[PDB]
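The structure appears below as structure tokens.
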Amino acid sequence: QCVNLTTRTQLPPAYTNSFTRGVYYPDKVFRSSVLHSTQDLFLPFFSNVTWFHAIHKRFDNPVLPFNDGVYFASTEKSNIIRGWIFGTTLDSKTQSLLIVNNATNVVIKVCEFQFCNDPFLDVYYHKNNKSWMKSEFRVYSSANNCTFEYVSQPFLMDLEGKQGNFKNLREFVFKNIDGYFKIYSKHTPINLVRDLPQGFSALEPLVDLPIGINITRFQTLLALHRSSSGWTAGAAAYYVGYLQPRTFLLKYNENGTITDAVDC
Amino acid sequence: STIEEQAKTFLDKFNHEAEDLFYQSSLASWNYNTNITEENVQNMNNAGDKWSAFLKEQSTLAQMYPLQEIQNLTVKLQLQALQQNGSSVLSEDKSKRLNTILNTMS
Amino acid sequence: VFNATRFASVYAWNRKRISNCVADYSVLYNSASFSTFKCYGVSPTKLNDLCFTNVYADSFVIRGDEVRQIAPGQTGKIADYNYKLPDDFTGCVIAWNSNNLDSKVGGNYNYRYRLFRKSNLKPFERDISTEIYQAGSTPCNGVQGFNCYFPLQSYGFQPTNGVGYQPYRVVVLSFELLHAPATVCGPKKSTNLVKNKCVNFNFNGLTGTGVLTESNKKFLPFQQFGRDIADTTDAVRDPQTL
């Protein structure tokens, strides 16, 4: 909890470029074979995003300002990322949002949390019986005053460490307006070494959470494992970017999906 | 602070504790009169003695609240009956021999 | 809630938080399973048309004659020293005779109450403190004695007791509308559907007049409503059936 890992080596937050990222279905209105122009919180095209990486010598788990909206692009192999934690103080001082994935279901709760210097979900004693399942929970010791609770459907996610190129890409958009916290999600496989693939992506709505709280900052929840200074992590990388009020022109195909988007 | 507040407090808690023991004492006599059995004859004595000794225990605390400092008429009337010690004022021998005369004459 | 086997004591009353669901109050009113039903500030027929953000259902057992003390700005032993309703309380009251369950032969002392307190309880306040009550200035120190009493008292429960003192299980629902969004709402209707005819249709928060006809278009599973280049909806998805 309060003990940071030894292998962690602080390195500068390198920046990378995102081309078409930030496009998503604005609402549930069906539109096809039309070019629609809208303005909402978006990621400008050809903008700069920050390079984050999680591994046993660079492991990045900083707290970061949420502002109006933030964009996430995650390249995953062993699914190190279990979720994110949102809130103003990210502590019991107020109600904070916590998204945790235990490899079984996604637990989403808004309560008063006891903040630990390094929150994470650990996995211990692999050896024989490879395990790789939720074992140690270091995020918070205790909690109370819960204004919201949500649980996703059961599923089996493989935590086993993998090697080679990144085989999965998960791009999310997180925003909070009028107390309604909305999530836009997309998941596609990729073959990549570093940075991001070059192509178009259109995110889909996942859940709309009426959490009814203010989020000024966020922190990423990452998974650690060892066979709390001796924990390790596999190769994983994710990116963060801030949304701006930009106007896009979205083109729809006959099926309704976005063919391409142009920043006005 | 005044004895009036203390007297009314003793009277409020007395009605609740006395209502439970008094109801069981009278209920025991009902099952004894409606049905004659070895269980009802004993229940009437146990329930009767439990309630009889209840007033004797409350009478000790009732004499500690003089009625000269109580300006309420309804309060003095409730304590007027509790202030009486019954057979406690009589001597140990005269107190026990009294019940023997009443039971012998009856 | 009312069907639960055991309920908390008047001092132990549990507070249940109900949110994020739909509430049907017509079954409780038309079931005839309640001894007395009354509301304050809101009518029973209007509850179905109103959405509430938070609904607190109080549970406890009190004497028959003690039910009259439950209301905005009331008095008495159970109201001041146990449970009190604020003057602005918008909720409702429900009670029914528990003599067939709680009351048993020999008496049930599991349900107690606070007889004495140094003052009157505040609105929506629960104090389980068992500390001895001090009537006068004579020190107590947790030892019963002169001017020292035990505040909690047990309710005598037997089937032979009068109907007035028979225990009644009361469920108090506290309706509070806060700045947070509203979730709990009344029931729905979902009448029959008609097609190939001129009619005025209202779907969710959308209304209009037109002819409903099933087409071959396919809306995205997440996209309920369609629109044309003119921002006028040419088709809609049934909120119930797909």
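If you're wondering about the labels, chains in the structure tokens are A, B, ... by order shown, residues count from 1 in each chain, ligands from 1 in order shown.
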Residues of range 146-234 of chain C in strand (DSSP E), written as an mmCIF file with N, CA, C and O atoms, in the first residue's frame:
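Final output, states23.cif:
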data_model
loop_
_atom_site.group_PDB
_atom_site.id
_atom_site.type_symbol
_atom_site.label_atom_id
_atom_site.label_comp_id
_atom_site.auth_asym_id
_atom_site.auth_seq_id
_atom_site.Cartn_x
_atom_site.Cartn_y
_atom_site.Cartn_z
ATOM 1 N N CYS C 148 -31.388 6.619 39.692
ATOM 2 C CA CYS C 148 -30.653 6.007 38.590
ATOM 3 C C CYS C 148 -31.492 4.869 38.033
ATOM 4 O O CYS C 148 -31.851 3.944 38.769
ATOM 5 N N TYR C 149 -31.800 4.931 36.739
ATOM 6 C CA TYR C 149 -32.684 3.965 36.103
ATOM 7 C C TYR C 149 -32.101 3.524 34.768
ATOM 8 O O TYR C 149 -31.214 4.171 34.205
ATOM 9 N N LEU C 152 -33.852 1.644 28.683
ATOM 10 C CA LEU C 152 -34.519 0.706 27.790
ATOM 11 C C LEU C 152 -35.538 -0.129 28.558
ATOM 12 O O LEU C 152 -35.260 -0.613 29.659
ATOM 13 N N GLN C 153 -36.722 -0.290 27.973
ATOM 14 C CA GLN C 153 -37.789 -1.089 28.556
ATOM 15 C C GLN C 153 -38.384 -1.988 27.483
ATOM 16 O O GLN C 153 -38.491 -1.590 26.319
ATOM 17 N N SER C 154 -38.773 -3.196 27.879
ATOM 18 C CA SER C 154 -39.292 -4.185 26.947
ATOM 19 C C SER C 154 -40.805 -4.065 26.821
ATOM 20 O O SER C 154 -41.508 -3.835 27.809
ATOM 21 N N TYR C 168 -47.948 -3.420 16.707
ATOM 22 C CA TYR C 168 -48.178 -3.108 15.303
ATOM 23 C C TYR C 168 -46.845 -2.830 14.627
ATOM 24 O O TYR C 168 -46.089 -1.961 15.069
ATOM 25 N N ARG C 169 -46.563 -3.569 13.557
ATOM 26 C CA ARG C 169 -45.350 -3.353 12.779
ATOM 27 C C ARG C 169 -45.564 -2.172 11.841
ATOM 28 O O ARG C 169 -46.471 -2.194 11.002
ATOM 29 N N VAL C 170 -44.733 -1.144 11.981
ATOM 30 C CA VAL C 170 -44.875 0.102 11.238
ATOM 31 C C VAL C 170 -43.701 0.236 10.279
ATOM 32 O O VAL C 170 -42.546 0.016 10.665
ATOM 33 N N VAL C 171 -43.999 0.597 9.034
ATOM 34 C CA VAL C 171 -42.990 0.844 8.011
ATOM 35 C C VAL C 171 -43.147 2.291 7.565
ATOM 36 O O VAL C 171 -44.164 2.654 6.959
ATOM 37 N N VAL C 172 -42.148 3.115 7.862
ATOM 38 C CA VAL C 172 -42.180 4.540 7.550
ATOM 39 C C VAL C 172 -41.275 4.790 6.353
ATOM 40 O O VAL C 172 -40.065 4.539 6.413
ATOM 41 N N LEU C 173 -41.859 5.284 5.265
ATOM 42 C CA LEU C 173 -41.120 5.612 4.053
ATOM 43 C C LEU C 173 -40.856 7.113 4.028
ATOM 44 O O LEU C 173 -41.795 7.913 4.085
ATOM 45 N N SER C 174 -39.582 7.488 3.946
ATOM 46 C CA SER C 174 -39.171 8.888 3.938
ATOM 47 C C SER C 174 -38.866 9.297 2.502
ATOM 48 O O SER C 174 -37.898 8.815 1.903
ATOM 49 N N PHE C 175 -39.692 10.185 1.953
ATOM 50 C CA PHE C 175 -39.534 10.676 0.588
ATOM 51 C C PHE C 175 -38.784 12.003 0.638
ATOM 52 O O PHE C 175 -39.302 12.997 1.157
ATOM 53 N N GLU C 176 -37.567 12.017 0.097
ATOM 54 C CA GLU C 176 -36.720 13.202 0.093
ATOM 55 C C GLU C 176 -36.194 13.423 -1.316
ATOM 56 O O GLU C 176 -35.582 12.523 -1.901
ATOM 57 N N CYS C 198 -53.394 5.915 -39.042
ATOM 58 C CA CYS C 198 -53.071 7.243 -38.539
ATOM 59 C C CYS C 198 -53.394 7.309 -37.052
ATOM 60 O O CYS C 198 -54.548 7.118 -36.653
ATOM 61 N N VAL C 199 -52.377 7.582 -36.232
ATOM 62 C CA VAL C 199 -52.524 7.600 -34.781
ATOM 63 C C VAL C 199 -51.484 8.540 -34.193
ATOM 64 O O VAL C 199 -50.496 8.893 -34.840
ATOM 65 N N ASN C 200 -51.716 8.947 -32.947
ATOM 66 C CA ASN C 200 -50.781 9.779 -32.196
ATOM 67 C C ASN C 200 -50.043 8.878 -31.213
ATOM 68 O O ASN C 200 -50.639 8.369 -30.257
ATOM 69 N N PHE C 201 -48.748 8.681 -31.446
ATOM 70 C CA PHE C 201 -47.933 7.773 -30.655
ATOM 71 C C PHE C 201 -46.974 8.555 -29.770
ATOM 72 O O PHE C 201 -46.432 9.586 -30.181
ATOM 73 N N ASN C 202 -46.768 8.057 -28.552
ATOM 74 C CA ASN C 202 -45.820 8.635 -27.605
ATOM 75 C C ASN C 202 -44.907 7.517 -27.120
ATOM 76 O O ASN C 202 -45.365 6.584 -26.454
ATOM 77 N N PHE C 203 -43.621 7.611 -27.453
ATOM 78 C CA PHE C 203 -42.631 6.601 -27.096
ATOM 79 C C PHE C 203 -41.578 7.250 -26.207
ATOM 80 O O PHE C 203 -40.835 8.129 -26.657
ATOM 81 N N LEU C 206 -40.594 10.910 -26.460
ATOM 82 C CA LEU C 206 -40.852 11.354 -27.822
ATOM 83 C C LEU C 206 -42.334 11.220 -28.141
ATOM 84 O O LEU C 206 -42.972 10.228 -27.773
ATOM 85 N N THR C 207 -42.877 12.224 -28.826
ATOM 86 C CA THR C 207 -44.280 12.234 -29.208
ATOM 87 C C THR C 207 -44.402 12.689 -30.655
ATOM 88 O O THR C 207 -43.491 13.303 -31.216
ATOM 89 N N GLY C 208 -45.543 12.383 -31.253
ATOM 90 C CA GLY C 208 -45.793 12.754 -32.629
ATOM 91 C C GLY C 208 -46.981 12.000 -33.185
ATOM 92 O O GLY C 208 -47.620 11.200 -32.502
ATOM 93 N N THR C 209 -47.265 12.281 -34.455
ATOM 94 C CA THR C 209 -48.374 11.663 -35.169
ATOM 95 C C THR C 209 -47.874 11.129 -36.501
ATOM 96 O O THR C 209 -47.234 11.858 -37.266
ATOM 97 N N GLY C 210 -48.166 9.864 -36.775
ATOM 98 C CA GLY C 210 -47.740 9.253 -38.021
ATOM 99 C C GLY C 210 -48.243 7.830 -38.108
ATOM 100 O O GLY C 210 -48.941 7.333 -37.217
ATOM 101 N N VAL C 211 -47.875 7.176 -39.206
ATOM 102 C CA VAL C 211 -48.254 5.792 -39.467
ATOM 103 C C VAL C 211 -47.055 4.906 -39.162
ATOM 104 O O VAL C 211 -45.974 5.090 -39.733
#
Which neighbours of residue 137 in chain C fall inside 9 Å, counting only C-alpha atoms, when residues of the same chain fewer than 3 positions from it are skipped, and could you give them as a count of residues only? 4
When you look at range 63-80 of chain C with a cut-off of 10 Å (counting only C-alpha atoms), what residues show up, excluding the ones that are within fewer than 5 positions of it in the same chain? I need them as number ranges by chain. C: 10-11, 36, 38-40, 85-97, 113-117, 119-123, 155-157, 162-170, 172
Considering only C-alpha atoms, return as a PyMOL selection string whatever protein or nucleic-acid residues lie within 9 Å of residue 18 in chain B, sequence-local ones (same chain, fewer than 4 positions apart) excluded. chain B and resi 13-14+22-23+51+54-55
Give as a PDB file with N, CA, C and O atoms, in the first residue's frame every residue of chain A that touches chain C within 8 Å, counting only C-alpha atoms.
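Output saved as result_7.pdb:
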ATOM      1  N   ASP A  27     -24.516  10.277 -29.914  1.00  0.00           N
ATOM      2  CA  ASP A  27     -25.740   9.906 -29.215  1.00  0.00           C
ATOM      3  C   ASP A  27     -26.294   8.635 -29.849  1.00  0.00           C
ATOM      4  O   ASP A  27     -25.651   8.002 -30.693  1.00  0.00           O
ATOM      5  N   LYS A  28     -27.503   8.261 -29.435  1.00  0.00           N
ATOM      6  CA  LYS A  28     -28.166   7.059 -29.917  1.00  0.00           C
ATOM      7  C   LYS A  28     -29.034   7.310 -31.143  1.00  0.00           C
ATOM      8  O   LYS A  28     -29.722   6.391 -31.597  1.00  0.00           O
ATOM      9  N   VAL A  29     -29.032   8.530 -31.681  1.00  0.00           N
ATOM     10  CA  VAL A  29     -29.794   8.816 -32.890  1.00  0.00           C
ATOM     11  C   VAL A  29     -29.167   8.077 -34.064  1.00  0.00           C
ATOM     12  O   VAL A  29     -27.945   8.105 -34.256  1.00  0.00           O
ATOM     13  N   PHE A  30     -30.004   7.408 -34.854  1.00  0.00           N
ATOM     14  CA  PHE A  30     -29.516   6.693 -36.025  1.00  0.00           C
ATOM     15  C   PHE A  30     -29.368   7.649 -37.201  1.00  0.00           C
ATOM     16  O   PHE A  30     -30.324   8.327 -37.590  1.00  0.00           O
ATOM     17  N   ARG A  31     -28.165   7.702 -37.767  1.00  0.00           N
ATOM     18  CA  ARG A  31     -27.871   8.543 -38.919  1.00  0.00           C
ATOM     19  C   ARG A  31     -27.000   7.757 -39.887  1.00  0.00           C
ATOM     20  O   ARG A  31     -25.968   7.207 -39.489  1.00  0.00           O
ATOM     21  N   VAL A  34     -25.169  10.219 -44.459  1.00  0.00           N
ATOM     22  CA  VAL A  34     -25.222  11.658 -44.242  1.00  0.00           C
ATOM     23  C   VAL A  34     -23.930  12.106 -43.577  1.00  0.00           C
ATOM     24  O   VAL A  34     -23.253  11.336 -42.895  1.00  0.00           O
ATOM     25  N   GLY A 179     -23.636  15.682 -13.902  1.00  0.00           N
ATOM     26  CA  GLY A 179     -23.610  14.550 -13.002  1.00  0.00           C
ATOM     27  C   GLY A 179     -23.688  13.197 -13.672  1.00  0.00           C
ATOM     28  O   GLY A 179     -23.629  12.177 -12.973  1.00  0.00           O
ATOM     29  N   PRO A 205     -20.840   3.465 -27.346  1.00  0.00           N
ATOM     30  CA  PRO A 205     -21.216   3.673 -25.944  1.00  0.00           C
ATOM     31  C   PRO A 205     -21.215   2.372 -25.156  1.00  0.00           C
ATOM     32  O   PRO A 205     -21.690   1.335 -25.625  1.00  0.00           O
ATOM     33  N   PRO A 210     -24.929   7.665 -13.712  1.00  0.00           N
ATOM     34  CA  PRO A 210     -25.320   8.902 -13.000  1.00  0.00           C
ATOM     35  C   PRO A 210     -24.708   8.975 -11.605  1.00  0.00           C
ATOM     36  O   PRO A 210     -25.387   8.969 -10.573  1.00  0.00           O
ATOM     37  N   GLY A 212     -23.160  11.489 -10.220  1.00  0.00           N
ATOM     38  CA  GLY A 212     -23.491  12.737  -9.550  1.00  0.00           C
ATOM     39  C   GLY A 212     -22.399  13.258  -8.642  1.00  0.00           C
ATOM     40  O   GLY A 212     -22.669  13.601  -7.485  1.00  0.00           O
ATOM     41  N   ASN A 255     -24.740   1.556 -43.493  1.00  0.00           N
ATOM     42  CA  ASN A 255     -25.005   0.754 -42.307  1.00  0.00           C
ATOM     43  C   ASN A 255     -25.121   1.589 -41.038  1.00  0.00           C
ATOM     44  O   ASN A 255     -25.556   1.061 -40.009  1.00  0.00           O
ATOM     45  N   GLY A 256     -24.746   2.866 -41.084  1.00  0.00           N
ATOM     46  CA  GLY A 256     -24.849   3.745 -39.938  1.00  0.00           C
ATOM     47  C   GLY A 256     -23.544   4.038 -39.230  1.00  0.00           C
ATOM     48  O   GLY A 256     -23.476   5.016 -38.476  1.00  0.00           O
TER      49      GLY A 256
END
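Excluding range 182-192 of chain A and any residue on its chain fewer than 4 positions from it, the residues at most 6 Å away by only C-alpha atoms are residues 165, 166, 167, 168, 169, 170, 171, 172, 173, 174, 175, 203, 204, 205, 206, 207, 208 and 209 of chain A.
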Could you turn the residues from that selection into a file that holds N, CA, C and O atoms, as a compact mmCIF listing (two decimals), in the first residue's frame?
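New file selection-v7.txt:
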# COMPACT_ATOMS: atom_id res chain seq x y z
N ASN A 165 4.53 -8.80 -29.66
CA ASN A 165 3.82 -7.59 -30.03
C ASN A 165 2.48 -7.49 -29.29
O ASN A 165 1.93 -8.49 -28.81
N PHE A 166 1.97 -6.27 -29.20
CA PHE A 166 0.71 -6.04 -28.51
C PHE A 166 -0.46 -6.52 -29.36
O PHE A 166 -0.64 -6.07 -30.50
N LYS A 167 -1.24 -7.45 -28.81
CA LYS A 167 -2.30 -8.11 -29.56
C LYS A 167 -3.68 -7.51 -29.35
O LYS A 167 -4.64 -7.99 -29.96
N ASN A 168 -3.82 -6.49 -28.51
CA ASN A 168 -5.12 -5.90 -28.21
C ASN A 168 -4.99 -4.39 -28.10
O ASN A 168 -3.96 -3.88 -27.67
N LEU A 169 -6.05 -3.68 -28.50
CA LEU A 169 -6.12 -2.23 -28.42
C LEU A 169 -7.47 -1.84 -27.85
O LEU A 169 -8.51 -2.20 -28.42
N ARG A 170 -7.47 -1.10 -26.74
CA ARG A 170 -8.68 -0.64 -26.09
C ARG A 170 -8.64 0.88 -25.96
O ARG A 170 -7.78 1.42 -25.26
N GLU A 171 -9.57 1.55 -26.64
CA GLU A 171 -9.64 3.01 -26.65
C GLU A 171 -10.94 3.44 -25.99
O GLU A 171 -12.03 3.04 -26.43
N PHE A 172 -10.84 4.27 -24.95
CA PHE A 172 -11.99 4.71 -24.19
C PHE A 172 -12.07 6.23 -24.18
O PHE A 172 -11.07 6.92 -24.38
N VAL A 173 -13.28 6.74 -23.95
CA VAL A 173 -13.52 8.16 -23.72
C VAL A 173 -14.33 8.28 -22.43
O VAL A 173 -15.37 7.63 -22.28
N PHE A 174 -13.85 9.11 -21.52
CA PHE A 174 -14.49 9.31 -20.22
C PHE A 174 -14.83 10.79 -20.06
O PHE A 174 -13.98 11.65 -20.27
N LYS A 175 -16.08 11.06 -19.69
CA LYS A 175 -16.56 12.43 -19.55
C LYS A 175 -17.64 12.48 -18.49
O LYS A 175 -18.34 11.49 -18.25
N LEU A 203 -15.55 4.91 -31.61
CA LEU A 203 -15.90 4.30 -30.33
C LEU A 203 -17.42 4.18 -30.19
O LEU A 203 -18.19 4.93 -30.78
N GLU A 204 -17.83 3.20 -29.37
CA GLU A 204 -19.24 2.91 -29.12
C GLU A 204 -19.58 3.15 -27.65
O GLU A 204 -18.71 3.05 -26.78
N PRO A 205 -20.84 3.47 -27.35
CA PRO A 205 -21.22 3.67 -25.94
C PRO A 205 -21.22 2.37 -25.16
O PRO A 205 -21.69 1.34 -25.63
N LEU A 206 -20.67 2.44 -23.94
CA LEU A 206 -20.60 1.30 -23.04
C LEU A 206 -21.63 1.40 -21.92
O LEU A 206 -22.55 0.58 -21.84
N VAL A 207 -21.49 2.40 -21.05
CA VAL A 207 -22.42 2.62 -19.95
C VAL A 207 -22.50 4.12 -19.68
O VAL A 207 -21.56 4.87 -19.94
N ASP A 208 -23.64 4.54 -19.14
CA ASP A 208 -23.85 5.91 -18.68
C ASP A 208 -24.08 5.83 -17.17
O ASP A 208 -25.11 5.31 -16.72
N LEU A 209 -23.14 6.36 -16.40
CA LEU A 209 -23.18 6.22 -14.95
C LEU A 209 -23.59 7.54 -14.32
O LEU A 209 -22.80 8.50 -14.33
Which residues are near residue 55 in chain A? Cut-off 9 Å, only C-alpha atoms, ignore same chain within fewer than 3 positions. Put them as a PyMOL selection string. chain A and resi 8+58-60+224+232-237
What's the 7 Å shell around range 56-65 of chain B, counting only C-alpha atoms, without same-chain residues fewer than 2 positions away, as a VMD selection string? chain B and resid 3 7 52 to 54 67 79 82 to 85
Taking only C-alpha atoms into account, name the residue in A:4, A:148, A:108, A:43 that is nearest to residue 120 in chain A. A:4
Expected answer as a PyMOL selection string: helix (DSSP H, G or I) residues in range 41-106 of chain B: chain B and resi 41-62+67-69+73-82+86-89+92-105
A straight line from CA of residue 21 in chain C to CA of residue 111 in chain A spans 19.9 Å
